[PDB]
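Here is the structure we will look at.
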Amino acid sequence: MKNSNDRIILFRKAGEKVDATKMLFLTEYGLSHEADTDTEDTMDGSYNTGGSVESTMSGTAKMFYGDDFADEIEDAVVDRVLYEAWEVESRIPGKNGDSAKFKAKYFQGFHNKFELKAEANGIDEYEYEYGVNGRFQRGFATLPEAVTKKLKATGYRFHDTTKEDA
Amino acid sequence: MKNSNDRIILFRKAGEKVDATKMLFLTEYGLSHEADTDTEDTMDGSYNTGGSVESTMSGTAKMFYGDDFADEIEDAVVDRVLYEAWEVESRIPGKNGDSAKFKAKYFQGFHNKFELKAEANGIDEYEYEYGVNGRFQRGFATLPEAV
Amino acid sequence: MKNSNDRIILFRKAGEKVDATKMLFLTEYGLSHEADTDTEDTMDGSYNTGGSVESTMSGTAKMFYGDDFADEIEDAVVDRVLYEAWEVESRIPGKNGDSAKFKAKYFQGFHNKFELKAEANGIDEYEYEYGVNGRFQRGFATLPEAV
Amino acid sequence: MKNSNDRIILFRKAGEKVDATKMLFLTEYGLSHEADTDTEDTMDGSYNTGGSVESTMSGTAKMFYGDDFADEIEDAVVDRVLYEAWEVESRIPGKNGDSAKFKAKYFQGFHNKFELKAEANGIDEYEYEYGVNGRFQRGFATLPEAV
Amino acid sequence: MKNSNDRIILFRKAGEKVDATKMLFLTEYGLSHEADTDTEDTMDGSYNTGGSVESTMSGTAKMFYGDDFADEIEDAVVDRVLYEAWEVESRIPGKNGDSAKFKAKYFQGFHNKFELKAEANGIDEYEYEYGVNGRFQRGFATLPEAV
Amino acid sequence: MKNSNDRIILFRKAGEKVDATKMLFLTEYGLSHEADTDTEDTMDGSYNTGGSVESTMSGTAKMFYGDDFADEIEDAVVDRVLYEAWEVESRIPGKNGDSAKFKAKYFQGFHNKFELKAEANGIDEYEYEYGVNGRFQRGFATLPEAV
Amino acid sequence: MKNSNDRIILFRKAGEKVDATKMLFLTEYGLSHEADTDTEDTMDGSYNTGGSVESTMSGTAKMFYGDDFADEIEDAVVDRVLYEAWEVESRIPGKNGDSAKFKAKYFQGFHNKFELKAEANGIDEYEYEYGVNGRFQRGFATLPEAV
Amino acid sequence: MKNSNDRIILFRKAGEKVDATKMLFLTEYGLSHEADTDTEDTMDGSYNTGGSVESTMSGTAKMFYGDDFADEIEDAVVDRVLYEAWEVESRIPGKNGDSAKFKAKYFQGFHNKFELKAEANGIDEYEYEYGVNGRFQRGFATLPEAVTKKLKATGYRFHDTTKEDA
Amino acid sequence: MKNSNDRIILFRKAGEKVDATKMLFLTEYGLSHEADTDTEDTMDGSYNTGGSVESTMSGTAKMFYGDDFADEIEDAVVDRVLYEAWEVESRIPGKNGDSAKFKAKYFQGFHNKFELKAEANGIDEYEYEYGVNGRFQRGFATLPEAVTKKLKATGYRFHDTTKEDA
Amino acid sequence: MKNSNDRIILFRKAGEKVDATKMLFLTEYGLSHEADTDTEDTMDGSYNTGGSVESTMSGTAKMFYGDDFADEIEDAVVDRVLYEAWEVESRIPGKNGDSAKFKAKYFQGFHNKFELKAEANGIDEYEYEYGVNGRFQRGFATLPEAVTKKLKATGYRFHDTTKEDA
Amino acid sequence: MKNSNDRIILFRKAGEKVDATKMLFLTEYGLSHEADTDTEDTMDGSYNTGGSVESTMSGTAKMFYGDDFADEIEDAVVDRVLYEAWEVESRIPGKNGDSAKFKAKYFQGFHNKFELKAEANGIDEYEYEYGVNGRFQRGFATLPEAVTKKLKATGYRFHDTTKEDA
Amino acid sequence: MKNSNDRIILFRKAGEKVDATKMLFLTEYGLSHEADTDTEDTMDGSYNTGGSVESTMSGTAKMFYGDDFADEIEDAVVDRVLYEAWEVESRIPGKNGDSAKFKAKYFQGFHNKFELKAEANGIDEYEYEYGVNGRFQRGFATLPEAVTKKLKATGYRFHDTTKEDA
């Protein structure tokens, strides 16, 4: 009972004191939290001791002229830049003394892969896989004004005919 | 109660702000909104997916000598230029200060198809299919030359 | 023995509790229940799978000046708002205290399609397809304005 | 030589042993047996696979006031309840002690579809498709109320 | 120059050597041979594959009281028993000692489909499709009861 | 300006050099050449692939007593023997020493389908589809028996 | 207002610069431009892909004795030679120094299909489908022999 | 002759003394019991000695707004929390002095994997793979009231027209 | 020229003195007899010495309410119980002084895998892979009365209308 | 320009002095001759020296009641019996003083794999992979009378109506 | 909002002082920037230290008669010639004092793979995978006149009838 | 802008002084030039030193009665015979004092694989993979008369009716 369009992605470069940057035009998306069971089994029983996680998140996108962000992702991949990213679900606001904040999943890592593709008379898309350093942290997050105005994204409001407006 | 010929239909390219025109000699005009909803099953119940809606309109008209508009359409379908159109119902004016402009639906998209047809001893007829490209807005619009 | 025009058909948005209306100038109305049962074979025999049933109803009607309801429908198909409808058979009242309300079928779902059509020197006709979204309930319902 | 209207057609739910009824105002009734045999080729020859046979019957009838059976059918297609039906040819009685009961075919399955239809100034017609779910048995069956 | 009704058409089960019969009240009868040849391309040229040929025949006829054969057919399509059939053209006798037997085509296969149909105030009609299962042999065959 | 019945159409098996014949009682005859060209897109432009062309011809004719040729055709489609055919237009002779032979198209291939059909109180009609198997050659050909 | 028979239609092979001709006895002629636009969905919105447009034209005409052009067409579809065609509207001359040449559309491509057809006691008719292979240019062109 | 809808899943966190939690809107489901044959073969015979099992269970789901359970599953995967889960088949009640209890398969472990996915204008689903510590235990289990009332799940009962009810 | 429906599967637990148990509603089926060629090749020739076989049989099924057998299979997989199973082909009876016996393939082993699956409004099926200890043995086998009566499996014989019978 | 139907397969067990046995109702067929290049490359050149081949042949079939041959193949697989097999192409007879003989490819080996499969209301097919000892030998071979009469395989010749014949 | 047709590929052989060479008739295209996380994890934390990248770019093409370039690519693959290549995106010109220059991605390497394919009555295409030495460099690049005139690529301008022009 | 039909394949056995042999009825075709980058990376840079190539060429064909060539290929694969082969593209003749010669790619090796396949009422095709010793050589090659006359391959010229010709 939840449309994915609702979820939103925010990015930022760690040692940069600026507001986040939404990721536009991502078609697919995925977030895998694997686990490796450090289990040691007795000869007369069994036990699990620990777990080494291998979290990660995958996404696609469509490379529109306007934003140069994909270039930043690529520079991160090739230059091994640390990036902090969080998916901040819209339409799930705070409960107690929190209304503009929104549910989230904040995690940091390095972009361990990035790969585009393009065909004739076709939009040129790409796919990035992003690691996750350790465990992620959840917590209600607020959005920056820029992302808020983008979220609206109204399309071609009513214009008029015979030269009143383009 | 509305005679079809009351429905007036205009087009123009987005770039050409000044330009204005109307489609002539319509025989059959048909709008369409097609909702893509295919529920995928669930153990505890079922959910009805909300999919996109590819609305489109198909009209057939005739082709005479004092007009080339249909040629502009068969140009656009190929060059894939953008257009925007106005489905205005006449005899339905504004409410307060918009009386000169009658109710209409405005939508911007491309012409997805052009197909004309000839028949020995008969006037040639051209049909066109136009994809609306998103939500269709409402309001009122003013006609040119009072017709 | 029932003349089709006895079948009365109402719609309204779930949110607008107060709102009420009826469809007018129906020409052909058709309900449908489609059972998806495809047996998959078995060595010892065969089993008939029980699949979902996507019931839907399609109606065509005319479009006149003193009404905009059809416009609300061509709005909903796009905006994909929910609606709920009432297929009430008149001349069939309650049994004990429900006489004013006649038998009907109630079901809530979306409008899956709108397609109108024009024809030179003729009234424009709009057709609509509505998906019922689940089991259709039975009972009796009351008409507005005694008609 | 048999006039179609001689073919009589009954239904009832398996659970309701006592219940009995008949379909009324048939216009077109059609049975069908569809053999799925697709030979897959062989170097030394060819073999004709023996596949299942999904037999089904489709009937259209009218809908009047003194009956709700068709409503039970449009209920079953949704609720996917079992039914069992009798295709009895009248004017064909038993041979020794079964004269009161005429030849018939008996088969139990679900109603796979219901689709009714209206038309301004005309009686509404409902069509149904019933899947037989296996081999159809033969014998003789007795009518109710001598008709 | 041959009136269709000259074509006589017989069936019988392989097991029942003694049994013999004929199809009655044909309205439209049609044989078919369908060659599956799909050339797959080649750099130096092209080769035309020689595929199997699924020949089949479809006939419609009427259904009266003094016959149950059609019921045997609607039995076989389900039970998927083998049959063998004779497409004999009358008025074409042997050449030397086979005059009593007229030219015919003999082929053994299953009945792939049965579909009957009713219509208020009309005789019910049953159609059948029979798959021939291989090469169809030729020669002459003798009719029963001189008709 | 050519009346269809001027088109004369002959067949014969490649092996039987001496054999010659003609098709009789054509009602509708139709040749066809189908080009398979599906451009696959390219970044710098587009290229139109040059694919094979499966030409074929379909003719319907009648079936009388003083001929069995149609039976040879329904034999070939099954046995998948080769044939070769001649689409000769009469009233179009050679130019220098070929006047006795009229223009024609020659092509060798198989008969891809045979389908005859009967109708109570009517002459049975057989249709055939022939695949040409490659380029069709041109030239002039001589008729038998001056007709 | 344009009678169809005003539309004049010429063809010729690219190699044969000198050659020129016209299509004769058209009955129905139809041009078509088909835009392939299938939006693939996006989380933040939707984008309408701009795909290629496979324009093509289909015409049917008659076939007489004093012409072989149609034969050249049924040759090209097979040999897959290039051609180029001119859809010139007569009664529409130039503007300054091009009056002798009337408006026309020029496009070069292959003939994608040829299909002729015969009918006892009637003139044979050949239909052709031509793929335009890219953008269609506009301008004016001169007729041969003043007709 | 058994529709899957009947089977029901119940979860619970081990060190939590509360009633179980149904798992809503699971589309697919699977339960694999692999085995590793600790077999030793003589030079003049053959033998099987033991077997190391690698049981596990996989499931999908659809992430509706109402419940935050998927978040709990995820927290488990990343934090290695032990969970006890059992599928309790409905419509198969107890035989002897047991009517409210239902057939079941009880097992506990750790969630070794969790991974969601989401596309444009599409519901956002996910897939979790859950290990099984050792052998499972079967036994007739009773459901908690909450699960019982959910099981009913009637939909949009008959309302009325012209303002009597929404 | 042989319909698979004809073949029939019989199971039994080894140290149990009872009659076999047919396996109902198996859709697919398979029986792989791999081999490992213990071959030693000279420098001036070649030779095969022996072969280690890895026989096994795979099957699916559909989990109808009536029978609890699938539960027994599962208990085996998890508990490593030795089972003896044979496919006994119907419609191929004995030749010499044997009429009720039927051709067969008898083999013993442990169930090395079992795994079910189920989807919405779908029958819940499963798949099991069963090892084979060593070489199997062929020999005409007789069926137990229970399996014989099941084999008939007639469906909804002719009942009557207007209350004579359900 | 060659229909596969023409090719024919003959089998025989080595230490058996009898005539071959055709393999009926094989749908697919394949014959792979892999190679392993024992190549040694200098530091200033390259060389191929030898090659170890891994030839083999695969086939399917359809298990008709009449013949018990598939059982023999299976016994070979599980018992490691040596089998000599040759594909003898029909319609390619001898050239010089040879007319009844036919072109062929003769090879010996052990059946390294065999595996059947079967579905509901479906014919029960199988697939066998057969090794090849070393290099095969080609040479015109004659067929046994049995195979010759089978090759004809005419179907349901013209019978007669009204009790003259079945 | 970006058609791939816009992007353009330029090639050149390193020790050659000539202008670049566009690559015509490439259908697909791809550019993968993998990464290998040289990460060392403490026993009480985690850390990433470095990253070894494995960039590369893949493309197809269609082998038109006119150009012999594909032959040069092949000679490279087989001869291990160093090539410098850059994708220079059209319709994204310079910003400050730069108008003829275009955005780009310049990288050098060796062609680690090349492979064509061709079917009957089909255009003969090919696929090449090209490594990337280290990190690539971005920077606004200008095109050579040759590529500029090719970019236009107008098709069959208006000719005339009855012998004025071919 | 090049149809594959144009390209032609020529084969020959090395130690045989005869003219080449075309390969008829090949449907598919492929020519892969892999590379293995003998690269050594400093701790403060990177370098490529050499490359070991693994070129090869794959092809299919259709086994027409007329030619016995496929048998020769097979004999090679099994006997490790060295063959020299070159694709000589038609419709690309010599430039300077060369008109009958045609562009080509000459290479020799051993046939490392060969494998046929055949189905019911289907033409019997096969697939061969052929290695390449070292680097190939390109050079304009002339064709042998035999191949030239085959290239024409005209089909069923105009015959005549009523017994004039078959």
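Scheme for the structure tokens: letters A, B, ... for chains in order shown; per-chain residue numbers from 1; ligand numbers from 1 in order shown.
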* Name the residues of chain E that fall into helix (DSSP H, G or I) according to DSSP on the backbone, using the chain letters and numbers of this document, as a count of residues only. => 14
* Asked: What are the residues of chain C that have an atom within 8 Å of an atom of chain J, counting only C-alpha atoms, as a PyMOL selection string?
  -> chain C and resi 41-44
* Asked: Any idea what's packed within 9 Å of residue G:137, counting only C-alpha atoms, ignoring anything in its chain fewer than 3 positions away? Could you give it as a PyMOL selection string?
  -> (chain G and resi 104-107) or (chain K and resi 156-158)
Mind running chain A against chain H at 10 Å and telling me each contacting residue's nearest atom pair with the distance in Å (one decimal), counting only C-alpha atoms, chain and number ascending, as CSV?
residue,atom,partner,partner_atom,distance
A:1,CA,H:64,CA,4.4
A:2,CA,H:64,CA,5.3
A:3,CA,H:123,CA,4.7
A:4,CA,H:124,CA,5.3
A:5,CA,H:121,CA,5.9
A:6,CA,H:121,CA,9.1
A:7,CA,H:124,CA,9.3
A:25,CA,H:120,CA,9.4
A:26,CA,H:120,CA,8.1
A:27,CA,H:120,CA,5.6
A:28,CA,H:119,CA,4.6
A:29,CA,H:118,CA,5.4
A:30,CA,H:117,CA,4.3
A:31,CA,H:115,CA,5.4
A:32,CA,H:115,CA,4.0
A:33,CA,H:114,CA,5.2
A:34,CA,H:113,CA,4.7
A:35,CA,H:112,CA,5.0
A:36,CA,H:112,CA,7.0
A:37,CA,H:112,CA,7.2
A:45,CA,H:134,CA,8.7
A:46,CA,H:134,CA,7.4
A:47,CA,H:133,CA,8.2
A:48,CA,H:133,CA,8.7
A:49,CA,H:80,CA,9.3
A:50,CA,H:80,CA,7.1
A:51,CA,H:80,CA,6.2
A:52,CA,H:78,CA,8.6
A:53,CA,H:78,CA,6.4
A:54,CA,H:78,CA,9.0
A:55,CA,H:78,CA,8.1
A:56,CA,H:115,CA,9.3
A:57,CA,H:115,CA,9.1
A:58,CA,H:117,CA,9.1
A:59,CA,H:117,CA,9.6
A:60,CA,H:119,CA,9.9
A:91,CA,H:65,CA,9.3
A:92,CA,H:65,CA,8.3
A:134,CA,H:78,CA,8.8
A:135,CA,H:78,CA,6.5
A:136,CA,H:78,CA,8.3
A:137,CA,H:75,CA,9.8
A:138,CA,H:71,CA,9.7
Write out the residues from the selection above, keeping C-alpha atoms, as a short mmCIF file (atom, residue, chain, number, x, y, z; two decimals), in the first residue's frame.
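Generated file (selection-v3.cif):
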data_model
loop_
_atom_site.label_atom_id
_atom_site.label_comp_id
_atom_site.auth_asym_id
_atom_site.auth_seq_id
_atom_site.Cartn_x
_atom_site.Cartn_y
_atom_site.Cartn_z
CA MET A 1 0.00 0.00 0.00
CA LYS A 2 2.99 2.27 -0.63
CA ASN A 3 4.04 3.80 -3.93
CA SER A 4 7.81 3.92 -4.33
CA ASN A 5 7.68 7.41 -5.86
CA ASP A 6 7.17 8.50 -2.27
CA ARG A 7 10.64 7.46 -1.16
CA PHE A 25 15.21 10.30 -12.37
CA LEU A 26 16.14 7.05 -10.69
CA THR A 27 14.05 4.26 -12.17
CA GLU A 28 14.95 1.21 -10.14
CA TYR A 29 16.34 0.97 -6.63
CA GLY A 30 17.44 -1.68 -4.20
CA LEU A 31 18.92 -2.07 -0.76
CA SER A 32 20.43 -5.41 0.21
CA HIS A 33 21.55 -6.22 3.74
CA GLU A 34 23.43 -9.47 3.50
CA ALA A 35 24.91 -11.22 6.49
CA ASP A 36 27.72 -13.67 7.17
CA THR A 37 26.99 -15.85 10.19
CA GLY A 45 25.25 -28.59 19.83
CA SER A 46 25.36 -25.46 17.74
CA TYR A 47 25.89 -21.77 18.25
CA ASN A 48 25.97 -18.46 16.45
CA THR A 49 28.48 -15.94 17.74
CA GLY A 50 28.46 -12.96 15.42
CA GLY A 51 27.66 -11.57 12.05
CA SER A 52 29.63 -9.64 9.47
CA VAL A 53 27.26 -7.60 7.37
CA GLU A 54 27.76 -6.63 3.74
CA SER A 55 25.04 -4.02 3.28
CA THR A 56 24.78 -2.07 0.04
CA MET A 57 22.36 -0.14 -2.12
CA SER A 58 21.85 -0.15 -5.88
CA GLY A 59 20.18 2.36 -8.14
CA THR A 60 19.66 3.45 -11.71
CA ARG A 91 4.62 11.08 3.60
CA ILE A 92 5.80 9.62 6.91
CA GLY A 134 29.08 -0.82 9.02
CA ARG A 135 25.58 -0.36 10.35
CA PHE A 136 23.28 2.35 9.19
CA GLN A 137 21.37 4.67 11.46
CA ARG A 138 17.68 5.49 11.32
#
* Interface list for chain F, partner chain G, 7 Å threshold, only C-alpha atoms, as number ranges by chain -> F: 1-5, 26-35, 53, 135
For the selection you just gave me, I'd like the residues written to a file as a compact mmCIF listing (two decimals), in the first residue's frame, keeping N, CA, C and O atoms.
# COMPACT_ATOMS: atom_id res chain seq x y z
N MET F 1 -6.98 -2.93 -67.47
CA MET F 1 -7.68 -3.21 -68.72
C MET F 1 -7.71 -4.71 -69.01
O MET F 1 -8.42 -5.15 -69.90
N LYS F 2 -6.92 -5.47 -68.26
CA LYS F 2 -6.89 -6.92 -68.42
C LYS F 2 -7.98 -7.55 -67.58
O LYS F 2 -7.98 -7.41 -66.35
N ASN F 3 -8.90 -8.25 -68.22
CA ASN F 3 -9.84 -9.06 -67.48
C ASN F 3 -9.10 -10.21 -66.82
O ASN F 3 -8.30 -10.90 -67.46
N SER F 4 -9.37 -10.41 -65.53
CA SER F 4 -8.62 -11.39 -64.76
C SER F 4 -8.55 -12.73 -65.47
O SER F 4 -7.48 -13.35 -65.53
N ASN F 5 -9.67 -13.18 -66.02
CA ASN F 5 -9.72 -14.51 -66.63
C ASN F 5 -8.71 -14.66 -67.76
O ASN F 5 -8.55 -15.77 -68.28
N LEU F 26 -10.74 -21.04 -61.79
CA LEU F 26 -10.31 -20.07 -60.79
C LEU F 26 -11.43 -19.09 -60.52
O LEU F 26 -12.17 -18.71 -61.44
N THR F 27 -11.58 -18.69 -59.26
CA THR F 27 -12.47 -17.61 -58.89
C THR F 27 -11.69 -16.38 -58.44
O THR F 27 -11.94 -15.27 -58.92
N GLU F 28 -10.74 -16.56 -57.54
CA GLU F 28 -9.85 -15.49 -57.12
C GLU F 28 -8.44 -16.04 -56.99
O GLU F 28 -8.21 -17.08 -56.36
N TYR F 29 -7.50 -15.32 -57.60
CA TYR F 29 -6.10 -15.68 -57.63
C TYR F 29 -5.30 -14.46 -57.19
O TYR F 29 -5.57 -13.35 -57.64
N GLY F 30 -4.32 -14.68 -56.33
CA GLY F 30 -3.56 -13.58 -55.78
C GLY F 30 -2.12 -13.92 -55.52
O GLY F 30 -1.81 -14.86 -54.78
N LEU F 31 -1.22 -13.16 -56.12
CA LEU F 31 0.20 -13.29 -55.89
C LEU F 31 0.65 -12.31 -54.83
O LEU F 31 -0.03 -11.32 -54.54
N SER F 32 1.80 -12.58 -54.23
CA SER F 32 2.27 -11.75 -53.14
C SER F 32 3.78 -11.86 -52.99
O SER F 32 4.36 -12.94 -53.09
N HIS F 33 4.39 -10.71 -52.74
CA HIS F 33 5.81 -10.61 -52.40
C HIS F 33 5.93 -9.78 -51.14
O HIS F 33 5.48 -8.63 -51.10
N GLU F 34 6.55 -10.36 -50.11
CA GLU F 34 6.57 -9.77 -48.78
C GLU F 34 8.01 -9.54 -48.38
O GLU F 34 8.76 -10.50 -48.15
N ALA F 35 8.41 -8.28 -48.32
CA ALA F 35 9.77 -7.92 -47.98
C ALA F 35 9.90 -7.79 -46.47
O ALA F 35 9.13 -7.07 -45.84
N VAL F 53 12.66 -12.39 -48.95
CA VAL F 53 11.31 -12.10 -49.40
C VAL F 53 10.62 -13.42 -49.69
O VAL F 53 10.97 -14.12 -50.65
N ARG F 135 13.73 -16.41 -56.38
CA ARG F 135 13.47 -15.45 -57.43
C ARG F 135 12.58 -16.06 -58.50
O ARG F 135 12.73 -17.22 -58.87
